[PDB]
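Chain nomenclature is as follows: A, B, C, D, E, F and G, assigned in order of appearance, with residue numbering initiated at 1 for each chain independently.
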């Protein structure tokens, strides 16, 4: 969740508190996460340290 | 139930919250449910797909 | 804790109630405690009771 | 000491559709038994499926009459629960209380003619995108359609498919809406033999995947 | 008897960023499926890292031009998300909504010249403590710096290190701030051969340890 | 129904020293690491014990001077954290914020003289019950006392015992209080040889069982 | 690190290239779900108001951020300070319905009314910008809303995006700088 910090469980059922998401088949569909993790980090060429 | 979404159990006993239904012998007495499920779905005759 | 005496657990998560302390590695880093405990208590010299 | 509690601003007001229950005051009443009472229904759509009702045509008749002239378009109407023709059906009766829907709506055609009246009909679903429904079976033929003739069996049922961009659609029609947002249905008469003045009763019912969501109380009170 | 409870003064008011949730009123709505919708992003910095955007120079161009004259300082700017040159980057776009930051900011230089245009550049991070940035590669050489030449590879990336007394820094700049609190970045042109009028595109992106903390809504509304 | 609750009169007001906590509003902040920061102290008395501070005598000096004349009473003072002589010590600095105390207070005497200055001193605790402290070592000798001479070791420490009827005592002094409620401490000079003008620094610190209870905010603000 | 800039392949160098140590970072505050999860004020109001997140201010933390995404999804919470009773109606309802009490109507209780509302549009997701050549029979489709509310008078309206999902990021701009080097402004400091 984001910006919610109640230790105690909710008093109303989930199907009332929120809308129910449906699927036709959350997942690791985070294009941008993948994208950023795929960035070249190394060094192209030969090194002389 | 319908349109009630309290997670927590009721504070008052059932015999006060509601009237007590009695029987002389809910069941699957849903004429209309049965009726609708009994609808012909197929196709009468021979098919040529 | 100091001056807090609630028997019941907090309703909000810790990460909201307080700031999260981080480390780079509470401990017994109590200079003054050590210092005071290291005080000479005895008696320097010979005794005649 | 006692339990500290914060009475939160913004909460506690009564809301006509809330999910709570009142506190009781008159306890221990045992109702007379209503075990097995007949004709119960638990979901509107179960009846909407089982009991088809009639469309309204012309003067205000639940049927269409075979044209003796050279016109073949028997009837045409908007695929909308707010359609004029659908105005007397139980389906629309229910639909007015919901904002959106999706699913199959089924149409039923039942020939009323004499044993010696014969005919061949065609129903087609004209999706949106065209300016005006075709008045010719030839033009409509390019759409999803079905033809059937008169015979031993009087009824012919056809399903109007749900084909739209969004997953749901409005049961109501906005005043800015020029052409019906979900298209039309056209019923044609290919031919007939001695079928002049004979009738074709058409009714409608909910299909297996018909669905209504978002309750609404819109009528003027 | 019933449960005694003390309604505490000071609590219960609404707070725009509170960690609670309202009471619901319209239940049981099932949304249309949005499984696998493309282009999702869950953390601003993931995009801030993957998509570098351009700095603003001179007239208002995203590049620097090779000097034909004897000056070697191509460009210089404050290491500040509030820098003028950084004003059009997505990085600064985000940064304005946070009070503090720390971490690496990466710069990208991409030569636009012709195959026969050749050059050698140098970028240096001038930490704070000096009165004015050096206009000479010779003087700047004593700082953390890197040089690179033109060739098969057009892009060269360099990380501006986070070096400060405090662990975090302000994304904003106070009006009393004379010299930029976090220093400058200077881009020099060591030499070039027939590279007159050719361009060097520079952009910026977040580094692996770039971090923003303390959300803030500061713009005039 | 819902949970019945009685909002009790008398409860809920804010109290400046209450044992509760406010509701949070700005979550998820991770502080910069302060691991192993030096000089931490968790209990005032730990420092009050380890760091002795000076008493105030005469003009306002942290020491006592050897009398060249025939008087042997070097100094005398009330055993009170509100004593004039104790007014500059850290011990009294803390004590003002508490109502009561009990325990040992330690005094430290450190001779400042030259290698050829020699002396013999005596400290005595005169419990309450007498009208006026004795100005003679001979009379004071009958009390709990200690004598020590000058030598290789410059410091001599002595503990003022807690002897009273009640288990605790007030850190403050009432205006009706004529004679100090907890007695006096007298420092004498038995003799000295060529010790004229030489000094004796005296300081005080908390003892192993010194204790302060009942926090209080008494200063004028 | 040199690379073939033209390919547009991401490149993230680190200070290790010249002897540094890349550190630890904690990006909780830049989490989309979290950041969009606070109340924001809606400025234009009227006795009958159709909830549209785009009426949000374009430079506000939520508004700016929302606009930096092409498509979004979320549930919602609202806080309304109104006279009389407040009636809400789901996306797709005839304006006339707002007068009827059997639609979620919250009876006036001071100081205001806080509610939890579900996403109620007919699309799998909504958009902040919609390149319709028409979209009919900077105008966004009518269907892009969270329903409507009505009361005798509506004094304040705060909106809160719950469970936010953002897709296809687009430009997010900072204050333009006229000053030679940096945009300087008075930062809080003790007196």
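Assume a contact is a pair of C-beta atoms (placed from the backbone, for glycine too) under 8 Å apart; a residue touches a chain by one contact, two chains touch by 3 or more.
**Q** Would you mind telling me which chain pair, D-G or B-E, is linked by more contacting C-beta pairs?
**A** D-G
**Q** Copy of D-E's interface among D-F or E-F, judged by over half the contact pairs being the same?
**A** E-F
**Q** Round to the nearest whole Å and give the separation of the Cα centres of chain D and chain F.
**A** Here chain D and chain F have centroids separated by 93 Å.
**Q** With chain centres defined as C-alpha means, what is the inter-centre distance between chain B and chain G in Å?
**A** So the centroids are 41 Å from each other.
**Q** Need the CA-centroid distance for the pair chain E / chain G, whole Å please.
**A** 24
**Q** Taking the mean of the C-alpha atoms as each chain's centre, how many Å separate chain F from chain G?
**A** 63
**Q** Which residues belonging to chain C are in contact with no fewer than two other chains?
**A** Chain C, residues with two or more chain partners: 10, 12-13, 15-17.
**Q** Indicate the residues of chain D shared as contacts by at least two other chains.
**A** 1-2, 4-6, 9-11, 15, 17, 19-21, 23-24, 166-168, 214
**Q** Listing for chain G: what residues touch at least two other chains?
**A** In chain G, residues 1-3, 10-14, 17, 26, 29, 31-35, 38, 79, 90, 104, 106, 112, 114-116, 118-120, 122-124, 162, 169 touch at least two other chains, as defined above.
**Q** Touching chain D in the complex: which residues of chain E?
**A** That would be residues 3-8, 11-14, 20, 22-27, 29-30, 32-33 of chain E.
**Q** Taking the complex as given, what residues does chain D use to touch chain B?
**A** 17, 19-21, 23-24, 27-43, 45-47, 49-50, 153, 208
**Q** Residue numbers of chain B touching chain A in their complex, please.
**A** For chain B paired with chain A, touching residues are 5-8.
**Q** Which positions of chain E touch chain G when the two form their complex?
**A** 14, 16-17, 21-27, 29, 31-34, 37-45, 47, 49-51, 77-78, 80-84, 86-90, 92-98, 102-104, 106, 108, 110, 144, 146, 148, 151, 153-159, 161-162, 170, 172-175, 177, 180, 205, 207-217, 219-221
**Q** Applying the document's contact rule, which stretches of chain G touch chain D when the two form their complex?
**A** My answer: residues 79, 89-94, 96-97, 99-109, 111-115, 120, 122-124, 136-137, 142-143.
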